[PDB]
>>> print(open('work_0.cif').read())   # mmCIF, C-alpha atoms and all ligand atoms
data_upload
loop_
_atom_site.group_PDB
_atom_site.id
_atom_site.type_symbol
_atom_site.label_atom_id
_atom_site.label_comp_id
_atom_site.auth_asym_id
_atom_site.auth_seq_id
_atom_site.Cartn_x
_atom_site.Cartn_y
_atom_site.Cartn_z
ATOM 1 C CA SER A 5 -6.614 8.093 -29.109
ATOM 2 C CA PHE A 6 -3.128 9.607 -29.395
ATOM 3 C CA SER A 7 -1.492 9.672 -32.840
ATOM 4 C CA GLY A 8 1.886 10.641 -34.243
ATOM 5 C CA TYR A 9 3.967 10.412 -31.061
ATOM 6 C CA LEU A 10 7.584 9.309 -30.812
ATOM 7 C CA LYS A 11 8.139 6.766 -28.033
ATOM 8 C CA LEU A 12 10.966 7.822 -25.729
ATOM 9 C CA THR A 13 10.617 5.125 -23.041
ATOM 10 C CA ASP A 14 8.193 2.451 -21.907
ATOM 11 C CA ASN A 15 5.825 5.182 -20.676
ATOM 12 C CA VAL A 16 6.872 8.582 -22.142
ATOM 13 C CA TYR A 17 5.811 9.771 -25.607
ATOM 14 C CA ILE A 18 6.520 13.092 -27.358
ATOM 15 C CA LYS A 19 5.106 15.074 -30.290
ATOM 16 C CA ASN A 20 5.541 18.511 -31.864
ATOM 17 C CA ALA A 21 2.057 19.862 -31.168
ATOM 18 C CA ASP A 22 -0.018 22.551 -29.496
ATOM 19 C CA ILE A 23 -1.460 20.966 -26.340
ATOM 20 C CA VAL A 24 -4.697 22.881 -26.950
ATOM 21 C CA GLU A 25 -5.158 21.325 -30.383
ATOM 22 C CA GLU A 26 -4.176 17.889 -29.074
ATOM 23 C CA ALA A 27 -6.743 18.229 -26.289
ATOM 24 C CA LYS A 28 -9.492 19.352 -28.670
ATOM 25 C CA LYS A 29 -8.732 16.414 -30.978
ATOM 26 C CA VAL A 30 -8.320 13.661 -28.367
ATOM 27 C CA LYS A 31 -10.395 14.933 -25.405
ATOM 28 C CA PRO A 32 -8.230 12.921 -22.977
ATOM 29 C CA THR A 33 -9.156 11.919 -19.455
ATOM 30 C CA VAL A 34 -6.476 14.278 -18.070
ATOM 31 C CA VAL A 35 -4.806 17.327 -19.588
ATOM 32 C CA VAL A 36 -2.022 18.914 -17.536
ATOM 33 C CA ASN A 37 -1.876 22.679 -17.172
ATOM 34 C CA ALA A 38 1.427 24.430 -16.481
ATOM 35 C CA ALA A 39 -0.074 26.483 -13.659
ATOM 36 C CA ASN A 40 1.177 29.022 -11.158
ATOM 37 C CA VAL A 41 0.274 28.829 -7.465
ATOM 38 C CA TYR A 42 -2.556 31.363 -7.942
ATOM 39 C CA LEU A 43 -4.124 29.528 -10.896
ATOM 40 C CA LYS A 44 -3.910 32.813 -12.822
ATOM 41 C CA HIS A 45 -3.916 31.534 -16.389
ATOM 42 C CA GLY A 46 -2.405 34.518 -18.140
ATOM 43 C CA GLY A 47 -0.082 33.167 -20.815
ATOM 44 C CA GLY A 48 1.799 30.214 -22.197
ATOM 45 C CA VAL A 49 0.125 26.831 -21.839
ATOM 46 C CA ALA A 50 -2.219 28.107 -19.122
ATOM 47 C CA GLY A 51 -3.375 31.185 -21.011
ATOM 48 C CA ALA A 52 -3.943 29.107 -24.146
ATOM 49 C CA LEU A 53 -5.869 26.344 -22.364
ATOM 50 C CA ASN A 54 -7.990 28.879 -20.531
ATOM 51 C CA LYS A 55 -8.771 30.828 -23.726
ATOM 52 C CA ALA A 56 -9.957 27.597 -25.351
ATOM 53 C CA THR A 57 -12.431 27.154 -22.451
ATOM 54 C CA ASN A 58 -13.881 30.654 -23.021
ATOM 55 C CA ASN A 59 -12.466 31.662 -19.572
ATOM 56 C CA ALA A 60 -14.476 28.967 -17.759
ATOM 57 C CA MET A 61 -11.223 27.466 -16.470
ATOM 58 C CA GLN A 62 -10.301 30.807 -14.897
ATOM 59 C CA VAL A 63 -13.730 31.222 -13.268
ATOM 60 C CA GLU A 64 -13.530 27.728 -11.761
ATOM 61 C CA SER A 65 -9.936 28.363 -10.689
ATOM 62 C CA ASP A 66 -10.774 31.629 -8.920
ATOM 63 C CA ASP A 67 -13.466 29.841 -6.902
ATOM 64 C CA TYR A 68 -10.940 27.108 -6.020
ATOM 65 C CA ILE A 69 -8.381 29.648 -4.766
ATOM 66 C CA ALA A 70 -11.014 31.645 -2.867
ATOM 67 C CA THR A 71 -11.889 28.418 -1.014
ATOM 68 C CA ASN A 72 -8.490 26.745 -0.592
ATOM 69 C CA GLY A 73 -5.757 29.335 -1.003
ATOM 70 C CA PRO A 74 -2.800 28.971 -3.362
ATOM 71 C CA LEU A 75 -1.138 25.751 -4.353
ATOM 72 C CA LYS A 76 2.407 24.909 -3.314
ATOM 73 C CA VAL A 77 5.248 25.127 -5.804
ATOM 74 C CA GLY A 78 5.560 21.453 -6.774
ATOM 75 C CA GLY A 79 1.885 20.843 -5.990
ATOM 76 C CA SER A 80 -1.264 20.296 -8.000
ATOM 77 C CA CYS A 81 -5.033 20.172 -7.990
ATOM 78 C CA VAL A 82 -7.596 18.342 -10.121
ATOM 79 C CA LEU A 83 -10.295 20.543 -11.664
ATOM 80 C CA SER A 84 -12.634 20.218 -14.627
ATOM 81 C CA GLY A 85 -11.264 19.784 -18.128
ATOM 82 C CA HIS A 86 -14.236 21.764 -19.514
ATOM 83 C CA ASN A 87 -14.465 21.239 -23.303
ATOM 84 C CA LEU A 88 -10.865 19.974 -23.578
ATOM 85 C CA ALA A 89 -10.676 16.892 -21.328
ATOM 86 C CA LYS A 90 -12.533 15.171 -18.524
ATOM 87 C CA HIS A 91 -10.161 16.671 -15.944
ATOM 88 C CA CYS A 92 -7.412 19.266 -15.858
ATOM 89 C CA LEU A 93 -4.492 18.536 -13.545
ATOM 90 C CA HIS A 94 -3.066 21.965 -12.686
ATOM 91 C CA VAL A 95 0.602 21.397 -11.784
ATOM 92 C CA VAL A 96 3.000 24.069 -10.496
ATOM 93 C CA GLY A 97 6.588 23.653 -11.588
ATOM 94 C CA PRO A 98 9.211 25.976 -10.130
ATOM 95 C CA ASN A 99 9.598 29.333 -11.837
ATOM 96 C CA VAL A 100 13.345 29.912 -12.101
ATOM 97 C CA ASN A 101 12.686 33.581 -12.896
ATOM 98 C CA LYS A 102 11.274 33.872 -9.342
ATOM 99 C CA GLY A 103 14.229 32.077 -7.739
ATOM 100 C CA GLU A 104 12.209 28.939 -7.022
ATOM 101 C CA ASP A 105 14.175 25.752 -6.362
ATOM 102 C CA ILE A 106 14.659 23.687 -9.534
ATOM 103 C CA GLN A 107 14.636 20.571 -7.335
ATOM 104 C CA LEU A 108 10.878 21.128 -6.972
ATOM 105 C CA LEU A 109 10.509 20.122 -10.636
ATOM 106 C CA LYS A 110 10.770 16.458 -9.617
ATOM 107 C CA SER A 111 8.038 16.999 -7.006
ATOM 108 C CA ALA A 112 5.883 18.646 -9.677
ATOM 109 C CA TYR A 113 6.220 15.648 -12.011
ATOM 110 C CA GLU A 114 5.375 13.221 -9.164
ATOM 111 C CA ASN A 115 1.802 14.533 -9.363
ATOM 112 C CA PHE A 116 1.503 12.830 -12.761
ATOM 113 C CA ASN A 117 1.852 9.404 -11.099
ATOM 114 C CA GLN A 118 -1.653 9.713 -9.606
ATOM 115 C CA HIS A 119 -3.136 9.397 -13.136
ATOM 116 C CA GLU A 120 -2.867 6.423 -15.477
ATOM 117 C CA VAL A 121 -2.645 8.491 -18.696
ATOM 118 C CA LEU A 122 -2.001 12.209 -19.224
ATOM 119 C CA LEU A 123 -1.565 14.727 -22.028
ATOM 120 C CA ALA A 124 0.999 17.227 -20.751
ATOM 121 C CA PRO A 125 3.540 19.951 -21.507
ATOM 122 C CA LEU A 126 7.106 19.984 -20.225
ATOM 123 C CA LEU A 127 6.942 21.578 -16.794
ATOM 124 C CA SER A 128 8.947 24.692 -15.916
ATOM 125 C CA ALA A 129 9.704 25.345 -19.600
ATOM 126 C CA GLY A 130 8.435 28.420 -21.414
ATOM 127 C CA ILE A 131 8.026 31.466 -19.194
ATOM 128 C CA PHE A 132 8.994 29.467 -16.101
ATOM 129 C CA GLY A 133 12.595 29.754 -17.278
ATOM 130 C CA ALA A 134 13.996 26.224 -16.907
ATOM 131 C CA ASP A 135 15.875 24.290 -19.568
ATOM 132 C CA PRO A 136 13.403 22.054 -21.456
ATOM 133 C CA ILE A 137 16.122 19.419 -21.939
ATOM 134 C CA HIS A 138 16.460 19.149 -18.162
ATOM 135 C CA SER A 139 12.677 19.099 -17.761
ATOM 136 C CA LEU A 140 12.382 16.151 -20.159
ATOM 137 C CA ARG A 141 15.090 14.266 -18.247
ATOM 138 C CA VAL A 142 13.280 14.801 -14.940
ATOM 139 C CA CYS A 143 10.013 13.732 -16.563
ATOM 140 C CA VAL A 144 11.466 10.458 -17.871
ATOM 141 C CA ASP A 145 13.179 9.740 -14.533
ATOM 142 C CA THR A 146 10.111 10.571 -12.401
ATOM 143 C CA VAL A 147 6.842 9.773 -14.194
ATOM 144 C CA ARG A 148 5.869 6.087 -14.256
ATOM 145 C CA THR A 149 2.369 6.467 -15.729
ATOM 146 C CA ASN A 150 1.737 7.021 -19.445
ATOM 147 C CA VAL A 151 2.501 10.591 -20.460
ATOM 148 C CA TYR A 152 2.013 12.136 -23.903
ATOM 149 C CA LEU A 153 4.111 15.306 -24.146
ATOM 150 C CA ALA A 154 3.083 18.079 -26.548
ATOM 151 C CA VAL A 155 6.007 20.377 -27.414
ATOM 152 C CA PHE A 156 4.850 23.507 -29.261
ATOM 153 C CA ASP A 157 8.227 24.444 -30.766
ATOM 154 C CA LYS A 158 9.557 22.438 -33.704
ATOM 155 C CA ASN A 159 13.231 23.338 -33.243
ATOM 156 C CA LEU A 160 12.994 22.465 -29.539
ATOM 157 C CA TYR A 161 11.196 19.195 -30.281
ATOM 158 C CA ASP A 162 13.947 18.187 -32.726
ATOM 159 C CA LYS A 163 16.654 19.081 -30.188
ATOM 160 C CA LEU A 164 14.926 17.134 -27.403
ATOM 161 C CA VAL A 165 14.714 14.007 -29.576
ATOM 162 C CA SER A 166 18.199 14.224 -31.059
ATOM 163 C CA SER A 167 19.923 14.739 -27.680
ATOM 164 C CA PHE A 168 17.878 12.247 -25.648
ATOM 165 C CA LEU A 169 20.367 10.213 -23.604
HETATM 166 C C1 LIG B 201 7.135 25.182 -26.018
HETATM 167 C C2 LIG B 201 6.639 24.294 -24.852
HETATM 168 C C3 LIG B 201 7.846 23.807 -24.018
HETATM 169 O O1 LIG B 201 5.985 23.162 -25.360
HETATM 170 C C4 LIG B 201 5.675 25.081 -23.862
HETATM 171 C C5 LIG B 201 6.377 26.281 -23.116
HETATM 172 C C6 LIG B 201 5.940 27.573 -23.806
HETATM 173 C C7 LIG B 201 4.552 27.241 -24.413
HETATM 174 N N1 LIG B 201 4.535 25.762 -24.568
HETATM 175 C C8 LIG B 201 3.401 25.085 -25.075
HETATM 176 N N2 LIG B 201 3.477 23.731 -25.111
HETATM 177 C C9 LIG B 201 2.421 23.015 -25.653
HETATM 178 N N3 LIG B 201 1.276 23.503 -26.138
HETATM 179 C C10 LIG B 201 1.238 24.865 -26.056
HETATM 180 N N4 LIG B 201 0.148 25.607 -26.503
HETATM 181 C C11 LIG B 201 0.421 26.959 -26.256
HETATM 182 C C12 LIG B 201 1.665 27.077 -25.686
HETATM 183 C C13 LIG B 201 2.224 25.760 -25.545
HETATM 184 CL CL CL B 202 4.106 28.052 -20.407
#
>>> encode(input="work_0.cif", output="structure tokens", more="lines below")
Ligand SMILES: CC(C)(O)[C@H]1CCCN1c1ncnc2[nH]ccc12
Ligand SMILES: [Cl-]
Amino acid sequence: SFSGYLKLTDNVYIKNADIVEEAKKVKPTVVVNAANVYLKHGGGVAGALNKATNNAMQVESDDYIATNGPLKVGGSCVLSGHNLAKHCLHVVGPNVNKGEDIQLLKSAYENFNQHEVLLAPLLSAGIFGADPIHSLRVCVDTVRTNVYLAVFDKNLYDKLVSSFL
């Protein structure tokens, strides 16, 4: 199971790690992808997870969108975890660079509550443009199930821990 995490709260844990390497090591029931509404896994967490599946995640995702249309900002879908996990929960946080409402970040994290245990990144961080410190606060104040956060930036990880209030 999960190793080397700092406990932030009763249910939130955090580690300086690449979510792809964590997933390959642990093979959790659920890995969260930081998706966009089109499930176009081009870069960041999504591009890295998809690359590790040899593009099978993208092929599955394109079939999903062709059938169902895009997700909502704040929404999610459950797809296969391929070689990385049983399932992948694709969750769309708001992209501040697109003018999307940061309040939708709480809605995005609510999707985690449908799953008992998840390996996840901080939503809306990275190329989605939001402050990771704010994202962690929303996570802790929204998710009630057990979440293991992989932060792939050592300086950021240290700042998140040292400023956690
Ligand atoms: C740095 C931060 C917040 O953790 C997010 C935003 C940018 C990329 N990132 C990642 N997180 C975890 N595992 C990852 N693997 C590849 C990328 C990646
Ligand atoms: Cl990202």
>>> resolve_selection(input="work_0.cif", expression="the PyMOL selection byres (((chain A and resi 96-106) around 10) and not hetatm)", output="short mmCIF file (atom, residue, chain, number, x, y, z; two decimals) with C-alpha atoms, in the coordinates of the input")
data_model
loop_
_atom_site.label_atom_id
_atom_site.label_comp_id
_atom_site.auth_asym_id
_atom_site.auth_seq_id
_atom_site.Cartn_x
_atom_site.Cartn_y
_atom_site.Cartn_z
CA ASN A 37 -1.88 22.68 -17.17
CA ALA A 38 1.43 24.43 -16.48
CA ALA A 39 -0.07 26.48 -13.66
CA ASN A 40 1.18 29.02 -11.16
CA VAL A 41 0.27 28.83 -7.46
CA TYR A 42 -2.56 31.36 -7.94
CA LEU A 43 -4.12 29.53 -10.90
CA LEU A 75 -1.14 25.75 -4.35
CA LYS A 76 2.41 24.91 -3.31
CA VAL A 77 5.25 25.13 -5.80
CA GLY A 78 5.56 21.45 -6.77
CA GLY A 79 1.88 20.84 -5.99
CA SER A 80 -1.26 20.30 -8.00
CA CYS A 81 -5.03 20.17 -7.99
CA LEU A 93 -4.49 18.54 -13.54
CA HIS A 94 -3.07 21.96 -12.69
CA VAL A 95 0.60 21.40 -11.78
CA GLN A 107 14.64 20.57 -7.34
CA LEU A 108 10.88 21.13 -6.97
CA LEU A 109 10.51 20.12 -10.64
CA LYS A 110 10.77 16.46 -9.62
CA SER A 111 8.04 17.00 -7.01
CA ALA A 112 5.88 18.65 -9.68
CA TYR A 113 6.22 15.65 -12.01
CA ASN A 115 1.80 14.53 -9.36
CA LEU A 126 7.11 19.98 -20.23
CA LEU A 127 6.94 21.58 -16.79
CA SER A 128 8.95 24.69 -15.92
CA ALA A 129 9.70 25.34 -19.60
CA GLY A 130 8.44 28.42 -21.41
CA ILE A 131 8.03 31.47 -19.19
CA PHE A 132 8.99 29.47 -16.10
CA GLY A 133 12.60 29.75 -17.28
CA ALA A 134 14.00 26.22 -16.91
CA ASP A 135 15.88 24.29 -19.57
CA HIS A 138 16.46 19.15 -18.16
CA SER A 139 12.68 19.10 -17.76
#
>>> residues_near_ligand(input="work_0.cif", ligand="ligand LIG 201 (chain B)", cutoff="10 Å", atoms="only C-alpha atoms and all ligand atoms", output="PyMOL selection string")
chain A and resi 19-27+37-38+47-53+123-137+139-140+153-161
>>> resolve_selection(input="work_0.cif", expression="the PyMOL selection byres (((chain A and resi 61) around 12) and not hetatm)", output="number ranges by chain")
A: 37, 39, 43-46, 50-60, 62-68, 82-89, 91-94
>>> closest_residue(input="work_0.cif", among="A:9, A:74, A:36, A:14", to="ligand CL 202 (chain B)", atoms="only C-alpha atoms and all ligand atoms")
A:36
>>> atom_distance(input="work_0.cif", atom1="atom CA of residue A:169", atom2="atom CA of residue A:143")
13.0 Å
>>> resolve_selection(input="work_0.cif", expression="the PyMOL selection byres (((chain A and resi 16) around 9) and not hetatm)", output="list in words")
residues 10, 11, 12, 13, 14, 15, 17, 18, 143, 144, 147, 148, 149, 150, 151, 152 and 153 of chain A
>>> write_last_selection(input="work_0.cif", atoms="C-alpha atoms", output="PDB file, keeping the file's coordinate frame")
ATOM      1  CA  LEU A  10       7.584   9.309 -30.812  1.00  0.00           C
ATOM      2  CA  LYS A  11       8.139   6.766 -28.033  1.00  0.00           C
ATOM      3  CA  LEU A  12      10.966   7.822 -25.729  1.00  0.00           C
ATOM      4  CA  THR A  13      10.617   5.125 -23.041  1.00  0.00           C
ATOM      5  CA  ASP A  14       8.193   2.451 -21.907  1.00  0.00           C
ATOM      6  CA  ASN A  15       5.825   5.182 -20.676  1.00  0.00           C
ATOM      7  CA  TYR A  17       5.811   9.771 -25.607  1.00  0.00           C
ATOM      8  CA  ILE A  18       6.520  13.092 -27.358  1.00  0.00           C
ATOM      9  CA  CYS A 143      10.013  13.732 -16.563  1.00  0.00           C
ATOM     10  CA  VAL A 144      11.466  10.458 -17.871  1.00  0.00           C
ATOM     11  CA  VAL A 147       6.842   9.773 -14.194  1.00  0.00           C
ATOM     12  CA  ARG A 148       5.869   6.087 -14.256  1.00  0.00           C
ATOM     13  CA  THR A 149       2.369   6.467 -15.729  1.00  0.00           C
ATOM     14  CA  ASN A 150       1.737   7.021 -19.445  1.00  0.00           C
ATOM     15  CA  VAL A 151       2.501  10.591 -20.460  1.00  0.00           C
ATOM     16  CA  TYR A 152       2.013  12.136 -23.903  1.00  0.00           C
ATOM     17  CA  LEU A 153       4.111  15.306 -24.146  1.00  0.00           C
TER      18      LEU A 153
END
>>> atom_distance(input="work_0.cif", atom1="atom CA of residue A:120", atom2="atom CA of residue A:35")
11.8 Å
>>> atom_distance(input="work_0.cif", atom1="atom CA of residue A:34", atom2="atom CA of residue A:121")
7.0 Å
>>> decode(input="work_0.cif", residues="stretch 129-168 of chain A", atoms="N, CA and C atoms", output="compact mmCIF listing (two decimals), in the first residue's frame")
# COMPACT_ATOMS: atom_id res chain seq x y z
N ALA A 129 -3.97 22.90 -10.22
CA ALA A 129 -2.58 23.34 -10.16
C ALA A 129 -1.93 23.11 -11.53
N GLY A 130 -0.61 23.28 -11.61
CA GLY A 130 0.04 23.08 -12.88
C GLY A 130 -0.50 24.04 -13.93
N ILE A 131 -0.74 23.51 -15.13
CA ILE A 131 -1.12 24.36 -16.26
C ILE A 131 -2.53 24.91 -16.13
N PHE A 132 -3.31 24.45 -15.14
CA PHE A 132 -4.63 25.01 -14.92
C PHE A 132 -4.57 26.34 -14.17
N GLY A 133 -3.41 26.75 -13.67
CA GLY A 133 -3.21 28.13 -13.28
C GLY A 133 -3.61 28.54 -11.88
N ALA A 134 -4.20 27.66 -11.08
CA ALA A 134 -4.60 28.05 -9.73
C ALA A 134 -3.44 27.88 -8.75
N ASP A 135 -3.59 28.53 -7.60
CA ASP A 135 -2.58 28.45 -6.55
C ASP A 135 -2.66 27.09 -5.87
N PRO A 136 -1.59 26.29 -5.89
CA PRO A 136 -1.65 24.98 -5.22
C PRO A 136 -1.95 25.06 -3.73
N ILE A 137 -1.55 26.14 -3.05
CA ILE A 137 -1.87 26.28 -1.63
C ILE A 137 -3.38 26.36 -1.44
N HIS A 138 -4.05 27.14 -2.29
CA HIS A 138 -5.51 27.19 -2.24
C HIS A 138 -6.12 25.83 -2.57
N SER A 139 -5.59 25.15 -3.60
CA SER A 139 -6.13 23.85 -3.96
C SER A 139 -6.05 22.86 -2.80
N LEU A 140 -4.92 22.85 -2.07
CA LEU A 140 -4.81 21.95 -0.93
C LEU A 140 -5.84 22.29 0.14
N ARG A 141 -6.06 23.58 0.39
CA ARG A 141 -7.06 23.99 1.38
C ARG A 141 -8.44 23.49 0.99
N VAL A 142 -8.82 23.68 -0.28
CA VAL A 142 -10.12 23.21 -0.73
C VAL A 142 -10.21 21.69 -0.61
N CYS A 143 -9.13 20.99 -0.96
CA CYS A 143 -9.12 19.54 -0.83
C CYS A 143 -9.43 19.13 0.61
N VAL A 144 -8.67 19.67 1.57
CA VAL A 144 -8.83 19.29 2.97
C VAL A 144 -10.23 19.61 3.48
N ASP A 145 -10.81 20.71 3.01
CA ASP A 145 -12.12 21.17 3.47
C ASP A 145 -13.28 20.54 2.70
N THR A 146 -13.01 19.72 1.69
CA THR A 146 -14.05 19.15 0.85
C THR A 146 -14.05 17.63 0.84
N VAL A 147 -12.88 17.01 0.68
CA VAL A 147 -12.80 15.56 0.57
C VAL A 147 -12.90 14.95 1.96
N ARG A 148 -13.78 13.96 2.10
CA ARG A 148 -13.97 13.20 3.33
C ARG A 148 -13.44 11.78 3.25
N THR A 149 -13.23 11.26 2.04
CA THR A 149 -12.66 9.94 1.85
C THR A 149 -11.13 10.05 1.91
N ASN A 150 -10.44 8.92 1.84
CA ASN A 150 -9.00 8.89 2.07
C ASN A 150 -8.27 9.21 0.77
N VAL A 151 -7.54 10.32 0.78
CA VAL A 151 -6.86 10.81 -0.40
C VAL A 151 -5.37 10.92 -0.13
N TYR A 152 -4.60 10.34 -1.05
CA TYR A 152 -3.14 10.34 -1.05
C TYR A 152 -2.69 11.24 -2.19
N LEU A 153 -2.17 12.42 -1.83
CA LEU A 153 -1.79 13.44 -2.79
C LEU A 153 -0.31 13.29 -3.15
N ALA A 154 -0.05 13.22 -4.45
CA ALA A 154 1.31 13.18 -5.00
C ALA A 154 1.61 14.54 -5.60
N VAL A 155 2.60 15.23 -5.03
CA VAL A 155 3.03 16.55 -5.47
C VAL A 155 4.40 16.40 -6.12
N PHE A 156 4.48 16.66 -7.42
CA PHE A 156 5.70 16.42 -8.19
C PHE A 156 6.56 17.67 -8.28
N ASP A 157 6.86 18.28 -7.15
CA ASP A 157 7.62 19.54 -7.12
C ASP A 157 8.07 19.65 -5.67
N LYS A 158 9.37 19.46 -5.42
CA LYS A 158 9.84 19.37 -4.04
C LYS A 158 9.69 20.70 -3.32
N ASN A 159 10.06 21.81 -3.97
CA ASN A 159 9.91 23.11 -3.32
C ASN A 159 8.44 23.39 -2.98
N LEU A 160 7.53 23.06 -3.90
CA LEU A 160 6.11 23.25 -3.64
C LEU A 160 5.64 22.37 -2.50
N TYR A 161 6.01 21.09 -2.52
CA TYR A 161 5.67 20.19 -1.43
C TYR A 161 6.09 20.77 -0.08
N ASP A 162 7.34 21.24 0.02
CA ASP A 162 7.82 21.79 1.28
C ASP A 162 7.03 23.03 1.70
N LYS A 163 6.66 23.87 0.74
CA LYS A 163 5.86 25.06 1.04
C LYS A 163 4.46 24.68 1.50
N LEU A 164 3.84 23.70 0.83
CA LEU A 164 2.51 23.26 1.23
C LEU A 164 2.50 22.74 2.67
N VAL A 165 3.51 21.95 3.04
CA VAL A 165 3.56 21.40 4.39
C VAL A 165 3.82 22.51 5.41
N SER A 166 4.79 23.37 5.12
CA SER A 166 5.24 24.33 6.12
C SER A 166 4.24 25.46 6.35
N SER A 167 3.30 25.67 5.43
CA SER A 167 2.30 26.73 5.56
C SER A 167 0.91 26.18 5.84
N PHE A 168 0.79 24.88 6.09
CA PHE A 168 -0.53 24.28 6.27
C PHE A 168 -1.16 24.79 7.56
